[PDB]
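First up is the structure itself, then whatever we jot down about it.
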Ligand code: HEM
Ligand code: HEM
Ligand code: HEM
Ligand code: HEM
Ligand SMILES: [Mn+2]
Ligand SMILES: [Mn+2]
Ligand SMILES: [Mn+2]
Ligand SMILES: [Mn+2]
Ligand SMILES: [Mn+2]
Ligand SMILES: [Mn+2]
Ligand SMILES: [Mn+2]
Ligand SMILES: [Mn+2]
Ligand SMILES: [Mn+2]
Ligand SMILES: [Mn+2]
Ligand SMILES: [Mn+2]
Ligand SMILES: [Mn+2]
Ligand SMILES: [Mn+2]
Ligand SMILES: [Mn+2]
C-alpha cells in the first residue's frame, strides 16, 4: 500500500539510527566481555538484539508502504576506550535517536499514518528504557566508585 | 457490636499511623528501585504491603465495633534525599507508632477489650520486626561503609 | 531523563486523584463486606487494587522524568451512608478524574511526550471500565428495586 | 449439480430470514449484556451463532445447486426497547420464518429434492427449539413478575 | 457514559463498513471452497471471522457511549465472478474502509475520546494486514500465472 | 416382516446400481494408483468402500422385508482410458443412480414405508456428495490444465 | 595476546565482507517475504543469521589478538529487483568473500597462527555451503521455469 514519501524518509532515517546502535552496542558488549565484565556484556548484548529487532520492524514497514529500505549508509560510531566513556556514547546516541523519533511521530499524525505512529511510540517506549539503564549505571560508578563498580560486573546477574 | 469510644479513637489514630507509613515506604521503595538498588526496593516494598495489611485489620475492627474509620487525615511524610537519611525517617516513624501502640494496648485491657488488645500485640510484634531490620541496615552502612553497602544492594537477595 | 514540568504537574495531580480513589473504594469495600454484601465487597476491593496499580505507574513515571511524586496531599473523600449513595460518589469521582485525564493527554501530545500519553490512555481505558460497572449497577437498583438488588449481593459471583 | 429454480428461490428467501435473525439476536444479546443481564446475553448470543450456522448451510446448498446466494437484501429488524418487548420480536420473527420453512419443505418434496428437504427439516427442528425457549421465558416474566425475573438474569446459569 | 454524537456516527459508519465486509468475504470463501480452492476458502473465511469480531467491538462501544448500533443499513456488495476479480473487490473495499478509519481516528483525538481512538487504531492495524495479504496474492497470480496459482490453492497450507 | 413387492423391486434395482459402481470405482482406483496418481487412487478407493456399504444396507433391508437380494445381474461398466474420461463415467453413473433413488423414495412414501425411504434419503445425501467431488475435479482439470492437475495427484493429501 | 598485524588486517577485511552480507541477505529475505515467497524468506533469513555469527567470531578473535574490530566501513550492497537477479548478487558476493578467505588462510599458516586459520577454514566450509544452495536454486529456475519456481516458494518447506 503506497504511503507518503516523508513518512518513508523518516522511517529510513530512524532505521539508520538503529543500524549504528546495533554496531556500537555489539562492539561494546564484546569489549566488556573481553575485559571479564560478564554483567556488562550480557546487558549490552541484549540491547543490541533489541535494536536488531527495532530495525526489522522498520524494514518491513517501509516495504509495506512501498519504499526501499536504505541499509547502505552507516553513521559515525563513537566507541570510547574506557567503560564510563563507552556508556556515555551509548547514552548520547540514544538521546539523539529519541529526538528523531518524536519528530517522526508528530508528522505521521499530521499525515494520518496512525499505524506507523503506533509502532514508533512502541519503539520509543523501548528507547526510553535503554536510556534509563544507562543513566542508572553511570550514577552507580559515581556513587560506589569505579573499582567497586568494576568488581560488581565480573559475574552476570539473574 | 458497639464498643468503647476511646478504643475506637486509639484504633483510628493507629490506622492513621499506618497510612503515613504505607505512603512513605512505597515512595522510598520506588526511589531505591529508581536508583538501581534492587535489594532495598524489594524490602521497603514488602514492608509497605505489611503496613497495608495492618491498616485493613484496623478498618475492619473499627467497623465491627461500630465506629467509622478515618481515612481522610494524612500525616507528615518525612521523605529524605539519601538512603541513610531515608532509612532513619523510616525508623523514627516506626518508633513513634510503637509508642502509640503500647498506650492503646494498656487501655484496651483496662476496658476489657481483649480481642482488640490481642490484634494490636500481633501488629506490635510486626513493627518491632520492621524496627530490627532498619537498625541492622543502618549499622551495616556504618560498619562496611556506604560504597560497599551500595554495591551490596544492586541485586535482590533470596 | 528530565522532562517537562507541566507534564510532571499533570502526572502528580492525576496521582492525587488516584490516592483519594484507593481510599474511598477500600472503605466502601469493607463497609459492604461488613453489611454482608459479598459481591459488592469483592468488586469494590479489586477496583481499589486497580487504582493502587494506577498510582504505582505514575510514581515510577514521575521518578523517571526526574520529578518528585507528591503523596502528601489527600483529597476530600465523599463516603456516603447507603449503597446507592456510596456507588454514586464512586461514579462522580471517576468522572472527575477522567476529565483531568483528557486534559493531561492532550497536553503531553503538544509537548511530544508520547510515552506519558500512551500510559495515560491505558489508564483512561481502565477508568471508563470502572465507569461502566458503576452505571450498570445504579440502573439495576432502579430496575429490580433495592431489596432484590440487596438479596443479589449476599454471595459473590464467579 | 444444477437444480430447480423455485427451490433455489425458497432457499434464498430462507437465507434472508436467517440474516435478519442473526442481526437482531446479536444486537439484543449485547443490549442485555450491557444492562448486566448475563444469562440473557449468553442465550441470545448462542442463538445468533446457531442462525449463523443455519445461513452457512443455505449458502453452500445454493452454491452446489448452482444458484447465487443473495446476501444483499436485509429485512426489517424490529429491535424493541425493553426485554419483554425484545423477546416478543424474537418470537414473532421465528414464527414467520417457520412458516416459510414449511412452505419450502412441501415444495422440495413435490419437486423431489429430498436432500434440500432433509436439511430444512433439521433447521426447522432447531427453530422450533428457539420458539420453545422464548415462549417459556415470556411466561416466566408473567409468572414471577419482572423484578424477580430481572434479578434471575444477572449471573449466567450452567 | 454518554459521549459525543459525531463519534457515535463515525462508529456506526465504520460498523456498516464491517457488515458489508463480513458478507462479501463469507460468500467469496464459500465460492472458493465450492471450486475446490481449499487454501483460499480457509483464508477468506477467517478474515470474515476477523471482521465479525471487529463489528462486535463497535456494537459494544456504541452501546457504552449510549448510542444505538445501526445493523439495518447494508452496503453494496461487489462480488465478482473470477478469483482475480473477487480478490480485487476485497482489496478496494478494504481500502475504502481504512480511509474512513483515518478520518474517524483524527476526530476522536480532537474530541478527546482516546479510548475510542485506541480501539480504532487496533482495528486499523488489522485492516492493513488484510490489505497486505490481498496485495501479495494478486501479485503472485501476476508472477506465476493463473494456472500455477490455481494449482497452488487446492490443499490448505499450515 | 413381509413388505411390498414394488418396494423390494426398487431396492433390488438400486442394489444393482451399487454393484456396478463398486466395480467401476475399484478398477479406476487401481488404474490411477498404477499410473502413480496416489491422491486419485485414495479417493476413488474410499468411494468404492462407501458403495460397498450402501449395498450391504440394501441386502439387509431386502432380507428383513422378506425378499431375495439379486447379486446375479451386473450392469455395463464404462471404464474409460484417460482420467478425464474415467471421472466423467463415474459422474454419469452417479447421476443415473440418483435418478432411480428419487423415483424409489417417492414411491415408498406412497406405500408408507417410511423406514425404507429414510435409509434411501441417507444414501442419496451420500451420492450427492460423490457427485460434488467429481464435478469439482473435472473443473479443476479445466481450470489449471491437465499437466498441473496430474502433478497435483502424485502424493495423497491429508 | 597480541598477534600479527597482517593477520588482524585480514580478519578485519573478512569481517567487513560479513557485514555487507548480513545486510544484503536480510533485505533480500524481507523482500521475498513481502512478495509472499515464504520458502525464500526462511532460507535467506537464516543465512543472514549465519553471517551474523560469522562476524561475532571475527570480532572476538580480533579482540583477543589485541586489535580493534572495524564496524565503521560498510561495502556496496548490490540489491537487485527480481529474484533471479537477487540470488545472483548473493552468489557473486559469496564468491568474492571465499576468495579473500583463501588468501587469509594461507597467510596465517606462514605466520603460524594456526588457531586463526582453524576458525577461518570452519567459516569457509560454511560459505561453500551458502554457495551450493544458491547455485542449485539458480539452476532450478532454469530447469522448471520461473512460474513453477515461484509457485514452489509460497509455503516454507520443512
Ligand atoms: C541490518 C543489520 C542487522 C539486522 C537487521 C539484524 C537482525 C537480527 C535479528 C532480527 C535477529 C534475530 C532476533 C531474535 O533472535 O529475535 C538477529 C540475531 C542476532 N544478531 Fe543480528 N542483525 C544485524 C546486524 C548484526 C551484527 C553487526 C551482529 C554481529 C556482529 C549481529 C549478531 C547477531 C547475533 C549473534 C544474533 C543471535 C543469534 C542466535 O541467538 O541465534 N547482528 N539479528
Ligand atoms: C488506605 C490505603 C491503602 C490500603 C488499605 C491498601 C491495602 C492494600 C491491601 C490489603 C492490599 C492487598 C494485600 C495483599 O496482597 O495481601 C494491597 C495491595 C497493594 N497495594 Fe495497597 N493499599 C493502600 C494504599 C497503597 C498505595 C499508596 C499504593 C500505591 C502507590 C499501594 C500499592 C499496592 C500494590 C502495588 C499492591 C499489590 C498489587 C498486587 O500484587 O496484586 N497501596 N493494598
Ligand atoms: C452482524 C452480523 C454478524 C455478527 C456481528 C457476527 C458475529 C460473530 C462473532 C463475534 C462470532 C464469534 C467469533 C469467534 O468465534 O470468536 C461469530 C462466529 C461465526 N459467524 Fe458470524 N456474525 C455475523 C454475520 C455472519 C454471517 C453473514 C455468517 C454466515 C453466513 C456468519 C457465520 C459465522 C460462523 C460460521 C461463525 C463460527 C461458528 C463456530 O465456529 O462456532 N456470521 N459471528
Ligand atoms: C470387485 C468387487 C469388490 C472388490 C474388489 C472389493 C474389495 C474390497 C476390499 C479390498 C476391501 C477392503 C479389505 C480390507 O478391509 O482389508 C473391501 C471391504 C469391504 N467390502 Fe468389498 N469389494 C467388492 C465387492 C463387495 C460386495 C458385493 C460387498 C457388499 C455387498 C462388499 C462389502 C464390503 C464391506 C462391508 C467391506 C468392509 C468395510 C469396512 O469394514 O470398512 N464388497 N472390499
Ligand atoms: Mn531501537
Ligand atoms: Mn535503544
Ligand atoms: Mn503496621
Ligand atoms: Mn512497621
Ligand atoms: Mn485509576
Ligand atoms: Mn477508576
Ligand atoms: Mn435458523
Ligand atoms: Mn431461530
Ligand atoms: Mn474489520
Ligand atoms: Mn479487513
Ligand atoms: Mn451408493
Ligand atoms: Mn456414489
Ligand atoms: Mn560468513
Ligand atoms: Mn555466506
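Residue numbers (this note's numbering), protein chains in the order written: chain U, 17 to 174; chain Y, 17 to 174; chain G, 17 to 174; chain W, 17 to 174; chain H, 17 to 174; chain E, 17 to 174; chain R, 17 to 174. The beta carbon of each residue, even a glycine, is placed where N, CA and C say it ideally should be.
Please find out if some non-hydrogen atom of ligand 9 comes closer than 6 Å to the beta-carbon of residue i.
{"i": "residue 62 (chain G)", "result": "no"}
Once the 5 residues before and after residue i are set aside, which same chain residues still bring their CB inside 8 Å of it?
{"i": "residue 124 (chain U)", "result": "23, 26, 130, 132, 133, 136"}
{"i": "residue 143 (chain H)", "result": "110, 113, 114, 117"}
{"i": "residue 73 (chain W)", "result": "135, 139"}
{"i": "residue 11 (chain G)", "result": "The displayed coordinates of chain G run from 17 to 174. Any statement about residue 11 (chain G) would go beyond what the structure contains."}
{"i": "residue 36 (chain H)", "result": "90, 91, 92, 93, 109"}
Would you check whether ligand 1 has a heavy atom nearer than 6 Å to the C-beta of residue i?
{"i": "residue 69 (chain U)", "result": "yes"}
{"i": "residue 42 (chain U)", "result": "yes"}
Residue i: beta carbon under 6 Å from a heavy atom of ligand 10?
{"i": "residue 143 (chain G)", "result": "yes"}
{"i": "residue 110 (chain G)", "result": "yes"}
Could you name the residues of the same chain whose beta carbon sits closer than 7 Å to that of residue i, not counting the 5 residues immediately before and after it, in chain order?
{"i": "residue 173 (chain G)", "result": "55"}
{"i": "residue 77 (chain W)", "result": "27, 132, 135"}
Say the cut is 6 Å; is the CB of residue i nearer than that to a heavy atom of ligand 8?
{"i": "residue 146 (chain Y)", "result": "yes"}
Going along the chain, which residues of its own chain have a beta-carbon closer than 6 Å to the beta-carbon of residue i, five neighbours each way excluded?
{"i": "residue 70 (chain H)", "result": "34, 139"}
{"i": "residue 106 (chain U)", "result": "150"}
{"i": "residue 83 (chain H)", "result": "24"}
{"i": "residue 96 (chain G)", "result": "102, 105"}
{"i": "residue 18 (chain U)", "result": "82"}
Taking only heavy atoms of ligand 12 into account, decide whether any of them is closer than 6 Å to the Cβ of residue i.
{"i": "residue 138 (chain W)", "result": "no"}
{"i": "residue 34 (chain W)", "result": "no"}
For my contact list, residue i and residue j are in at a C-beta cut-off of 8 Å; report their separation, rounded to the angstrom.
{"i": "residue 146 (chain R)", "j": "residue 60 (chain R)", "result": "At roughly 10 Å, the Cβ-Cβ gap does not stay under 8 Å, so residue 146 (chain R) and residue 60 (chain R) are not in contact."}
{"i": "residue 100 (chain W)", "j": "residue 157 (chain W)", "result": "6 Å"}
{"i": "residue 75 (chain G)", "j": "residue 43 (chain Y)", "result": "7 Å"}
{"i": "residue 79 (chain H)", "j": "residue 47 (chain W)", "result": "7 Å"}
{"i": "residue 167 (chain H)", "j": "residue 120 (chain E)", "result": "Rounded, the Cβ-Cβ distance is 40 Å, inconsistent with contact."}
{"i": "residue 154 (chain H)", "j": "residue 86 (chain H)", "result": "Their Cβ separation, rounded to whole angstroms, is 32 Å, which puts residue 154 (chain H) and residue 86 (chain H) out of contact at 8 Å."}
{"i": "residue 90 (chain Y)", "j": "residue 88 (chain G)", "result": "7 Å"}
{"i": "residue 40 (chain U)", "j": "residue 93 (chain U)", "result": "5 Å"}
Can you determine whether any heavy atom of ligand 2 sits closer than 6 Å to the C-beta of residue i, and answer yes or no?
{"i": "residue 72 (chain G)", "result": "yes"}
Strictly under 7 Å for the Cβ-Cβ distance: is residue i near chain C by that measure?
{"i": "residue 55 (chain U)", "result": "Looking for chain C here will not work: the only protein chains present are U, Y, G, W, H, E and R."}
Which of the residues in the segment 58-79 of chain R, read from start to end, lie with their CB under 8 Å from any CB of chain U? Residues of the segment 58-79 of chain R with a Cβ closer than 8 Å to any Cβ of chain U, in chain order: 72, 75, 76, 79.
Residues from the segment 119-131 of chain G in contact with chain U, defined by Cβ distance under 9 Å: Correct list: 125, 128, 129, 130, 131.
Can you pull out the residues from the segment 20-44 of chain Y whose beta carbon lies closer than 7 Å to at least one beta carbon of chain G? For the segment 20-44 of chain Y, the set of positions with a beta-carbon nearer than 7 Å to some beta-carbon of chain G reads 39, 43 in chain order.
Mind checking the segment 133-157 of chain U against chain Y and listing, in chain order, the residues whose C-beta falls within less than 8 Å of any C-beta there? Along the segment 133-157 of chain U, the positions whose C-beta sits under 8 Å from a C-beta of chain Y are 152, 153, 155, 156, read in chain order.
Below 8 Å between beta carbons is the criterion; list the residues of the segment 86-109 of chain U that meet it against any residue of chain Y, in chain order. Residues passing the 8 Å Cβ filter: none.
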